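Shown next are two forms of a single protein chain, provided one at a time as structure tokens under the names structure 1 and structure 2.
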Structure 1
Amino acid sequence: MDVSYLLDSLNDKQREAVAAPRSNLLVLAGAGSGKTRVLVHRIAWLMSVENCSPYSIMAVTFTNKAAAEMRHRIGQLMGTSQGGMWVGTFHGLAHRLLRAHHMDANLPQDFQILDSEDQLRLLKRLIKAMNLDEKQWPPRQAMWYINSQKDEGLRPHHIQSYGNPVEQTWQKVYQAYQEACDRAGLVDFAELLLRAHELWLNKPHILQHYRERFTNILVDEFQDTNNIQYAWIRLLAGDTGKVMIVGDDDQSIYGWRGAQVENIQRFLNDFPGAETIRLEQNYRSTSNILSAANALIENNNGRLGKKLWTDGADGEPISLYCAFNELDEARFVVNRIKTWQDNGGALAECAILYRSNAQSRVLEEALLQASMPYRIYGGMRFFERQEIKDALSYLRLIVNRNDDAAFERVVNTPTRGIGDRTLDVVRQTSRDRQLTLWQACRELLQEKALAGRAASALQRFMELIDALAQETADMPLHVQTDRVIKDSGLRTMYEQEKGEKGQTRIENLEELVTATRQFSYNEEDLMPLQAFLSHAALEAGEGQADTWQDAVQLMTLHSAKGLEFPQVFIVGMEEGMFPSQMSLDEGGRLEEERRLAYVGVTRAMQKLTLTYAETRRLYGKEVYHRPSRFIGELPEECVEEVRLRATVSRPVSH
């Protein structure tokens, strides 16, 4: 309450932002200048000084990590006493709005979210069903196309081709794709955002209701917003809502998904009386780390520059280690962390960052061999594991037979006599009759259109699903899950998967029961099954979340934006890894990789360590990458090359 406790630590610019009149404001500043601090305290100020209701506040951002950071700080300052307040990601809040107004959004209340793997599989099926050649029209490319369209709020009709074969056909795939999804009750990530926006365009009363409620909007890491997210925010505010956005154009790293830097300027041009407050003092890092970050970003052109200075001492130098290979690299990092831990440092204060999720495997193996606890975020996590996807598909079918993605994944898993031929018929019937896979089956059976054994095998499957639905129709989430895993036969085929592969695999199925068991959700209303499935999709990059045990934090450079750690290790500092080969294979996606390097460097509070491997094996071949150009861009006085302690063993003559 006491305004006094809200402003004490804040400096000149921070106070100006926090204690400002209600109005559209942009807080623009480099990393670690306290923008998120300003955002959280602003919320506290709006509630105590401007007496705004918690219910009129919306705090939003793109990534789960940054949203969690906002939420955590909001809890510590105002206490968990923040009911009525919406804090989450654009996808999360969109999902929320959609569940609450599914009818107006033209969606079934229990719609299922389609993740990337599911979306790619559906597309691989649709394309083949359209007779299109595989290697000719990649489903991956179709996915990029479709998602890019949705990133720009464009539906199949909004766009027309002018001959352009590739364009006109991708257009057909997109039409069929949308048809299959709506018909199956499926919603992909991009659909959540677009549908949510369309909701307020088609339902003026619904929008009015929200414009009346959310009069205070706050967006963190604004430069992450793409066009559909920007539009959504603009709409919600109208000419009555007061918005505070904080961000840094030097940390723009989502150009590949529609987030353009112009968005910051657009806010200044579009929102009523919008103004700018620039923060200039960094509190996160040592001068050594900050000086390196500054020299690095300076290498990008086209930027009105920013101050960013600190009071802190130079601190330790930035370590640079040239590893023998990727294995030595991982072992070195673990060795360094052990030392930190042996001297009283928490493992959770250590982050290991990398450009691509594929780099975590070797790090993981080194951590495991050292019996050092760790948590990995992003990439192939728990809910994306084969056995877990299989288990959830049965539950998904129980919730909705029309779930074509679920149907395809387990209709014949474990094998039950329903081979490719039979399924090809089913898919053909869905294609021609414009029906869901389960729908098509119902007919092909009530028309004796299939062979004897076929229809019989297919009939049994449908009976097994209908059975599971009734049997567990009342069971609590976790027991229904235990049941399904056993009765589906999945538990059986996995036990006898042979090797240590099947063992860990059966454990994951056990861990899933626990997850559904310990699952906690609250505040409108959604059944446990749906709420769990949507959580597994929206916060998949999270996986299982034991968060109290001290453990090393592993994640991409992207997922780390917004976070900070006393010790930071950035591995794979080599041309072809970071910058990524794709950014190299292009001429200037380099400034964005450099902005990502800037993000990486500014995560370190006390110590930053950079590593690169003379050689590593990629795709069956040994490669000798050049050292990343970002290393040389740092000031030599801030960097200290690591020279392994000289030794000597027992003399061996001959």
Structure 2
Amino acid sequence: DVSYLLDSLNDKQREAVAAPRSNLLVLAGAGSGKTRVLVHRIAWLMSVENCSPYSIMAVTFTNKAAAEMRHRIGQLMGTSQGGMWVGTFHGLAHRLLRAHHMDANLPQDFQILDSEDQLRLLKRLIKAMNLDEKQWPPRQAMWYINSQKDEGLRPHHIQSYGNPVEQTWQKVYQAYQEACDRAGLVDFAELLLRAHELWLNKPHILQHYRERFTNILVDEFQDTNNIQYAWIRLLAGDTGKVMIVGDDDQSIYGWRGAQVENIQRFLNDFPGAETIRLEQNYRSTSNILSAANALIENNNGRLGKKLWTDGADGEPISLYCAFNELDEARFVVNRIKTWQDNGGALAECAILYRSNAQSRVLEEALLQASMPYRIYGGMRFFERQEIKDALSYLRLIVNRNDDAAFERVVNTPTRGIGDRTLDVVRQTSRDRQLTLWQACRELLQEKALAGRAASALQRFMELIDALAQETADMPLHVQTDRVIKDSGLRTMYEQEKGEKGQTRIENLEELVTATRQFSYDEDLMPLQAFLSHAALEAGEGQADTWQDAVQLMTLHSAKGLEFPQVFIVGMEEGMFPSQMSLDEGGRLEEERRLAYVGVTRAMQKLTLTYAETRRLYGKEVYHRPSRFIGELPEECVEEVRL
């Protein structure tokens, strides 16, 4: 064969793309265009080493990356590649679970418990027993459990005691799996575990897929957890081969449970395995690439890597030291406002912080100078309340056991159903181990409820069965517009605040637009499909009419980005490195890897700043410059006695 595939790469990359079929690692750099090498490795497995698209399987963490993945593959391999699996660990585990739902013990219409829902269903359960009041907040409960699923530990697994400190939780977890089951719901963290668990109870399947997907890819491997690794390991027992990109230096998701180890753990658990070091940056200047290396070398146990450019060396890394953040910002604004004055495109920037709280003062400085911008704060469409109300009824329709959907929209729009009443259904639901709708069917037959109550409560349940019916044989975007009206939510929202509700309604109708444009082989009804598309990805926040404007965001939400001009605010001991990390955890190296990520972000200039004084909520305060600025080859940096 000929190669129009490689001619666009450089030996290193080229070496990886053309690599023999077998296990390996592709220690990506940071301007090494790792997506590219991946886009081509598949172009190769199908072209050169001639493998069927039905054996290839890419896997990403974000839907966005794994989607832009599917794109380029299609722009290279001119067409569509059926049989292939390019998704997230989650969406892919889902894919399996929906298919072999039976095997894994899951109703074909199970529902994905998102963050908020899971937390609530927890706050609710904690109460049906002990007393949360700081003693057992819901969050730590959420944490403890995910932490467990991140480790593939079901209730009856982690034995202990002598310390009820743990046992207590151990019990709550028990309930959670119980409650979530009866309801027929599963959490993000569940998909993975439930899936992997299938390959340990349904071997003949485990075979089937190895027996198929003999080629596997896994982007950003430094961010996997112990149950993800353990899942993949099995897909490629021996028969299957597997490439894995990654980079231990950019594993700032250790708290989310990302075993920065695993990268190495791979080389070992997999005897035969090579290694490639794409170390050529095409994103930033040499002056910058340097600062990175020294700085990033202050860690240890690394695999080490020298980041080299082939372009210029560019301007130094100016350093400011304002009296207070009021200045620190005002400085940056002027430093950016000048960039603009000089045909500078305000989108080619990015104030980066260690804590979202740091952004407020940045905005006032900005707005105090006719300069648009836009934070990347969460709150994606499908997370907004008005929408989860809407989708909650829909869930009740696809299933009357969505304990989460129920306890949410049961008395919303307020339909005269108070807690005194609900607390009964709970204590019922709880003591008789039932879903809520189940306790209702009972508490009504048993006629053990107030006249007022039962009559209202019941008025509710009928409203649902009513909607399930009245809309059944309907097309999504119509069934939706109905439920929105017929549940009185629209009504509930046309009567809401000033600036507030005005959007609520709009978001609702967009929910319809959206629904009228949702697309998807048949293996689930157009709703259950949607309700899943809703849980597994939200995204949206009002893509500000491009009218050129700044880019504010924490560092964690900046990985994968690059901007001509870039800044890092709050460069001082306290925030960076963090307080709750300079002491709270000894996870000090992470904070470094981050700064490393933050720098591998600049393209031309790069500015680091910090103030002597700043009010960390409430009282006044003074820190000392970040230990990070010092570990920088001093010839790169440049003070600014402004």
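C-alpha atoms forming the largest set that superposes within 1.5 Å between two forms make up the rigid core. Residue numbering: sequential along structure 1, first residue numbered 1.
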**Request:** Please name the single residue among 192, 186, 219, 293 whose Cα shifts by at least 2 Å between structure 1 and structure 2 after core superposition.
**Result:** 293
**Asked** Any chance the CA of residue 605 moves 2 angstroms or more between structure 1 and structure 2, core superposed?
**Response** yes
**Asked** By the 2 angstroms cut-off, has the C-alpha of residue 204 moved between structure 1 and structure 2 once the rigid core is superposed?
**Response** no
**Request:** Establish whether a shift of 2 Å or more occurs at the C-alpha of residue 579 between structure 1 and structure 2, with the two forms superposed on the rigid core.
**Result:** yes
**Prompt:** So if we fit the rigid core, how much does the CA of residue 64 shift between structure 1 and structure 2, in Å?
**Reply:** 2.2
**Asked** How much does the C-alpha of residue 39 move between structure 1 and structure 2, in Å, when the core is lined up?
**Response** 1.6
**Request:** Having superposed the rigid core, state how many Å the Cα of residue 372 shifts between structure 1 and structure 2.
**Result:** 10.1
